[PDB]
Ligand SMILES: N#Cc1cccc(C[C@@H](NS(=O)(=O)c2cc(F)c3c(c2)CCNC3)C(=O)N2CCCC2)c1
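Just the one chain here, laid out as C-alpha cells, in the form solved without the named molecule.
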C-alpha cells in the first residue's frame, strides 16, 4: 500500500509506503511521479537507508547512509541504487526537518557491500561489524560440552538485534550430501540457500566479521534467529533477544534449519 499526495494525475508531495503486514517501509515525497528529496526506507528488521535521492528517485549519491536498528550507529558515504560502495562509521546526531546529520567516528575503516559466495566468506575476514562489537563478545560457554559461547556486553530489552550470522552460501543438497563433522555451523537461510562458517573461519582469530555462529543451542532460549538485510553482508540472519537480557549473559538460540 502506497499513500501519497497527488496534484494533476501525478504524485507530488508527502508519501508513505507500507508492506503487506502494514509496516511502514518508506517515507518521503514525490515530484512528478518520481521519489524526490530526502527519503527514508525502513527494513522490517529495524534498519534503514536514508539520503537525498538522485533524479531517477534512486538511493545513489555520496552522502547516503545505512542506519542500524539502534537508530544511532550508521555507515555513511557513497551508495549506488542502495548498495554501499564505501561507507564510513558514523553516528546519527539528529534529524532536523527531514534530514539526518551525521558525525564520523575516528578511524580509517571503510565498509562496502561484500556478499559471500560458495567459497569466499569475506574480503576482510577480520574487520568486525561495528554495531555487533559493541554488543556481544565470545568467551567460554557455561554449557559444559559446548566450548565457546556468545555473551552480551550490555543490558538490553526484548527484540534487540545483537549479532549477525554471515557465512559462505551453499546448497541444501551439498549440506545433506557429506556430513555431520562439517555441518557444525550451518543455518538454513531459505529454500535455496544454507549459510555456513567452515574451514578455518570457525575460529575468531581467523574470522570475526560476524559472530552469530557462536551462539549455542538451547531448548529455553533467550534469543531467536531473524531475517536481516545487512549493507555489507547482504540477506542473512541475525540474532535478536526474546526477552530482556543482562550484561554478561550467554545468548542461546533455538535450532534454525
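Residue numbers count along the first chain shown, from 1. C-alpha atoms forming the largest set that superposes within 1.5 Å between two forms make up the rigid core.
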{"query": "Greatest C-alpha divergence in 7 other deposited structures of this protein once each structure is fitted on the rigid core, 105-113 or 130-138", "finding": "105-113"}
{"query": "Higher C-alpha RMS shift from the shown form in 7 other deposited structures of this protein - 96-104 or 155-163, rigid core fit", "finding": "96-104"}
{"query": "Which of 230-238 and 5-13 has higher mean CA B factor, as the PDB entry lists it", "finding": "5-13"}
{"query": "Between 165-173 and 69-77 (mean CA B-factor, as deposited), the higher", "finding": "165-173"}
{"query": "Most elevated Cα B-factor in the entry, residues 62, 45, 192, 52", "finding": "192"}
{"query": "Out of 29, 202, 216, 222, residue topping the C-alpha B-factor column of the entry", "finding": "202"}
{"query": "B-factor third for the C-alpha atom of residue 149 within its chain", "finding": "lowest"}
{"query": "Residue 84 CA temperature factor, ranked by third within the chain", "finding": "lowest"}
{"query": "Residue 188 by Cα B-factor - lowest, middle or highest third of the modelled chain", "finding": "highest"}
{"query": "Chain third (lowest, middle, highest) by recorded CA B-factor, residue given as residue 112", "finding": "middle"}
{"query": "Third of chain Cα B-factors occupied by residue 182", "finding": "highest"}
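In what follows, reference is made to the form solved in complex with the named molecule, a form of this protein that is not presented.
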{"item": "Open or blocked, the named molecule overlaid from its pose in the entry with it bound onto this form, 2.4 Å backbone/C-beta test", "value": "blocked"}
{"item": "Location of the named molecule contact in the entry with it bound, chosen stretch of 123-131, 68-76, 99-107, 173-181 [non-hydrogen atom, 4.5 Å]", "value": "173-181"}
{"item": "In the entry with it bound, residue 188 touching the named molecule (heavy atom, 4.5 Å)", "value": "yes"}
{"item": "Contact test in the entry with it bound: residue 40 vs the named molecule, heavy atoms, 4.5 Å", "value": "no"}
{"item": "Exercise: residue 207 in contact with the named molecule in the entry with it bound, heavy atom 4.5 Å", "value": "no"}
{"item": "Exercise: residue 53 in contact with the named molecule in the entry with it bound, heavy atom 4.5 Å", "value": "no"}
